[PDB]
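Undergrad: Below is one structure. I have some questions about it.
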Amino acid sequence: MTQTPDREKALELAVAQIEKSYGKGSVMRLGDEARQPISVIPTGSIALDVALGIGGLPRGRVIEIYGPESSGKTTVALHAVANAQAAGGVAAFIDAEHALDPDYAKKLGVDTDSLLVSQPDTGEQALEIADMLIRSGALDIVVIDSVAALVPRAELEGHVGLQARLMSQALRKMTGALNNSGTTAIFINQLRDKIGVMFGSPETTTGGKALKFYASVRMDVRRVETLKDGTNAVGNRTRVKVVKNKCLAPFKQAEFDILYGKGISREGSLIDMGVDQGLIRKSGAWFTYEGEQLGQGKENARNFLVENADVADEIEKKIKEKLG
Ligand SMILES: Nc1ncnc2c1ncn2[C@@H]1O[C@H](COP(=O)(O)OP(=O)(O)OP(O)(O)=S)[C@@H](O)[C@H]1O
């Protein structure tokens, strides 16, 4: 067909009808300019925030964070918690592994004292407690630690494919409530793997499958390199790839530093995105910003930004006017 213009029209229209019956994120162009909702939960790392597209985590949606052990998931999660908490929101933490360390989550900014924690007896119980806790339209963010620990009441006593089904049913029922309250739920998913080929890789089937689909955003978190600090190791450089995102164009990635015992270095994210946005200038060893200097080396800069809270906000701000 010698078509050309009218093509874009029927296409535009097509999209419209699809979006109309399946959702506003059903189809997208990897380049489309991202949408912007009113409420969103910062992840605590400008970098990942503007990789998610909407500048944080979507509300009333099921988010999945998977990856190896010690990649970062929990931290990322606890931050999504501490943030939603700062704005006077209430969070709950369904525990199925018993590996939380308040003292750490405290340093992250989580008001642990008023943090609702539950330690279910069975798998179904976890999801159901999570359900009514969700339906009270009282929770802002709810986090279920470790999918693979939600063992079915059955297995916990007396066949086959029980976890995957338990999840299916749970997610079906729970999916509705969430969207009805704006409560966003984070599912931490371990992988227990990292012995294939020469590096890392993706998968699911633990109870996954269900999640993989119901989930509106799926983050692949993995550890890139163990941050050298002259001494031993301040933290690690985490790399997160959102492979699913029914809210903004998917497949965008981000990297950031997580200091041992400290968590996600906000400052550190400011600098990096800072330079990759022309706002911060790097004059060989030196890190300059709008004229006056910051420091010699990323660390001396982090530090400078970390104690000059007043100027850091200035930088986080502009990057936000420069994209939002
Ligand atoms: N209680 C803690 N004390 C000190 N450092 C911690 C603590 N919890 C996490 N970290 C650091 O945070 C990084 C990983 O975050 P994790 O909470 O282990 O998340 P994952 O989501 O990485 O978790 P498993 O899967 O490793 S619990 C590591 O580089 C740790 O050094």
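Residues are referred to by chain and number: the chain letter is A, B, ... according to the order shown in the structure tokens, the number counts from 1 in that chain, and ligands are numbered separately from 1 in the order shown.
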List the neighbours of stretch 111-120 of chain A out to 12 Å using only C-alpha atoms; skip same-chain residues closer than 3 positions along the sequence, and give me the result as a count of residues only.
TA: 53
Undergrad: Quick one: residues within 9 Å of ligand 1, with only C-alpha atoms and all ligand atoms, as a ChimeraX atom specification?
TA: /A:65-78,99-105,146,188-192,221-223,226,234-238,258-264
Undergrad: Within 10 Å of residue A:174, counting only C-alpha atoms, which residues show up once you throw out same-chain ones fewer than 5 positions away? Write them as a ChimeraX atom specification, please.
TA: /A:62,127-128,130-132,134-135,167-169,179,185
Undergrad: Take the residues from that selection and put them in a file with N, CA and C atoms, as a PDB file, in the first residue's frame.
TA:
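Result file follows (selection_25.pdb):
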```
ATOM      1  N   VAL A  62       0.937  -3.601  42.522  1.00  0.00           N
ATOM      2  CA  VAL A  62       1.779  -4.625  43.106  1.00  0.00           C
ATOM      3  C   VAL A  62       3.160  -4.529  42.467  1.00  0.00           C
ATOM      4  N   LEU A 127      -0.721 -13.935  53.120  1.00  0.00           N
ATOM      5  CA  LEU A 127      -1.471 -13.209  52.112  1.00  0.00           C
ATOM      6  C   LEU A 127      -2.819 -12.695  52.597  1.00  0.00           C
ATOM      7  N   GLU A 128      -3.534 -13.489  53.387  1.00  0.00           N
ATOM      8  CA  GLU A 128      -4.837 -13.061  53.883  1.00  0.00           C
ATOM      9  C   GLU A 128      -4.750 -11.965  54.938  1.00  0.00           C
ATOM     10  N   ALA A 130      -2.458  -9.919  55.045  1.00  0.00           N
ATOM     11  CA  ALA A 130      -2.041  -8.823  54.182  1.00  0.00           C
ATOM     12  C   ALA A 130      -3.241  -8.243  53.467  1.00  0.00           C
ATOM     13  N   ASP A 131      -4.200  -9.102  53.157  1.00  0.00           N
ATOM     14  CA  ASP A 131      -5.395  -8.676  52.461  1.00  0.00           C
ATOM     15  C   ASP A 131      -6.285  -7.789  53.323  1.00  0.00           C
ATOM     16  N   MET A 132      -6.672  -8.254  54.505  1.00  0.00           N
ATOM     17  CA  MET A 132      -7.536  -7.423  55.330  1.00  0.00           C
ATOM     18  C   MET A 132      -6.806  -6.177  55.789  1.00  0.00           C
ATOM     19  N   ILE A 134      -4.807  -4.682  54.035  1.00  0.00           N
ATOM     20  CA  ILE A 134      -4.868  -3.812  52.861  1.00  0.00           C
ATOM     21  C   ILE A 134      -6.235  -3.158  52.713  1.00  0.00           C
ATOM     22  N   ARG A 135      -7.283  -3.976  52.766  1.00  0.00           N
ATOM     23  CA  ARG A 135      -8.668  -3.524  52.611  1.00  0.00           C
ATOM     24  C   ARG A 135      -9.194  -2.471  53.593  1.00  0.00           C
ATOM     25  N   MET A 167      -0.681 -18.293  45.353  1.00  0.00           N
ATOM     26  CA  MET A 167      -0.356 -16.949  44.927  1.00  0.00           C
ATOM     27  C   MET A 167      -1.418 -16.435  43.962  1.00  0.00           C
ATOM     28  N   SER A 168      -1.725 -17.244  42.952  1.00  0.00           N
ATOM     29  CA  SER A 168      -2.699 -16.872  41.942  1.00  0.00           C
ATOM     30  C   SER A 168      -3.966 -16.388  42.581  1.00  0.00           C
ATOM     31  N   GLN A 169      -4.582 -17.252  43.375  1.00  0.00           N
ATOM     32  CA  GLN A 169      -5.813 -16.894  44.060  1.00  0.00           C
ATOM     33  C   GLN A 169      -5.620 -15.633  44.895  1.00  0.00           C
ATOM     34  N   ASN A 179      -5.840  -1.524  44.261  1.00  0.00           N
ATOM     35  CA  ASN A 179      -6.230  -0.443  43.357  1.00  0.00           C
ATOM     36  C   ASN A 179      -7.368   0.402  43.904  1.00  0.00           C
ATOM     37  N   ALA A 185       1.788  -2.531  47.151  1.00  0.00           N
ATOM     38  CA  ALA A 185       2.440  -3.649  47.807  1.00  0.00           C
ATOM     39  C   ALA A 185       3.724  -4.133  47.126  1.00  0.00           C
TER      40      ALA A 185
END
```
Undergrad: Which one is closest to residue A:251: A:40, A:25, A:282, A:217? Count only C-alpha atoms.
TA: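 Closest candidate: A:217.
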Undergrad: Quote the spacing between atom CA of residue A:208 and atom CA of residue A:148 in Å to one decimal place.
TA: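 Result for atom CA of residue A:208 versus atom CA of residue A:148: 8.7 Å, one decimal.
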Undergrad: So which residues touch stretch 209-214 of chain A within 10 Å, counting only C-alpha atoms, skipping near sequence neighbours fewer than 6 positions away, as a PyMOL selection string?
TA: chain A and resi 61-64+147+164-172+175+187+189+203+244
Undergrad: Generate a file of the selected residues that holds N, CA and C atoms, formatted as a short mmCIF file (atom, residue, chain, number, x, y, z; two decimals), in the first residue's frame.
TA:
```cif
data_model
loop_
_atom_site.label_atom_id
_atom_site.label_comp_id
_atom_site.auth_asym_id
_atom_site.auth_seq_id
_atom_site.Cartn_x
_atom_site.Cartn_y
_atom_site.Cartn_z
N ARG A 61 -0.57 -0.44 43.39
CA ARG A 61 -0.07 -1.39 42.42
C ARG A 61 0.81 -2.42 43.11
N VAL A 62 0.94 -3.60 42.52
CA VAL A 62 1.78 -4.63 43.11
C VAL A 62 3.16 -4.53 42.47
N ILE A 63 4.17 -4.24 43.28
CA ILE A 63 5.55 -4.14 42.79
C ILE A 63 6.34 -5.39 43.18
N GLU A 64 7.15 -5.90 42.26
CA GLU A 64 7.97 -7.06 42.56
C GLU A 64 9.43 -6.71 42.47
N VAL A 147 8.89 -14.21 48.79
CA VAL A 147 7.81 -14.98 48.20
C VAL A 147 8.00 -16.45 48.52
N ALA A 164 2.23 -22.00 43.82
CA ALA A 164 1.75 -21.35 42.61
C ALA A 164 0.32 -21.82 42.46
N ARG A 165 -0.60 -20.96 42.87
CA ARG A 165 -2.04 -21.22 42.87
C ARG A 165 -2.43 -20.42 44.08
N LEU A 166 -1.77 -20.72 45.19
CA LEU A 166 -2.00 -20.00 46.43
C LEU A 166 -1.78 -18.54 46.05
N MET A 167 -0.68 -18.29 45.35
CA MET A 167 -0.36 -16.95 44.93
C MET A 167 -1.42 -16.43 43.96
N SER A 168 -1.72 -17.24 42.95
CA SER A 168 -2.70 -16.87 41.94
C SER A 168 -3.97 -16.39 42.58
N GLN A 169 -4.58 -17.25 43.38
CA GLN A 169 -5.81 -16.89 44.06
C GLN A 169 -5.62 -15.63 44.90
N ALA A 170 -4.60 -15.65 45.75
CA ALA A 170 -4.31 -14.50 46.59
C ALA A 170 -4.22 -13.22 45.77
N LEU A 171 -3.34 -13.21 44.77
CA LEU A 171 -3.15 -12.03 43.94
C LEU A 171 -4.40 -11.58 43.22
N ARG A 172 -5.22 -12.53 42.78
CA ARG A 172 -6.44 -12.14 42.09
C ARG A 172 -7.31 -11.31 43.01
N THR A 175 -5.45 -8.12 44.29
CA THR A 175 -5.20 -7.10 43.27
C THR A 175 -6.27 -6.01 43.27
N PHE A 187 6.60 -7.05 46.88
CA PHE A 187 6.83 -8.46 47.11
C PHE A 187 8.32 -8.71 46.92
N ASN A 189 11.30 -10.97 46.26
CA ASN A 189 11.46 -12.30 45.67
C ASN A 189 12.93 -12.65 45.56
N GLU A 203 14.66 -15.32 36.13
CA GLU A 203 13.79 -16.49 36.26
C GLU A 203 12.56 -16.15 37.11
N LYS A 244 9.70 -4.60 33.88
CA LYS A 244 8.26 -4.49 33.68
C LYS A 244 7.81 -3.20 34.34
#
```
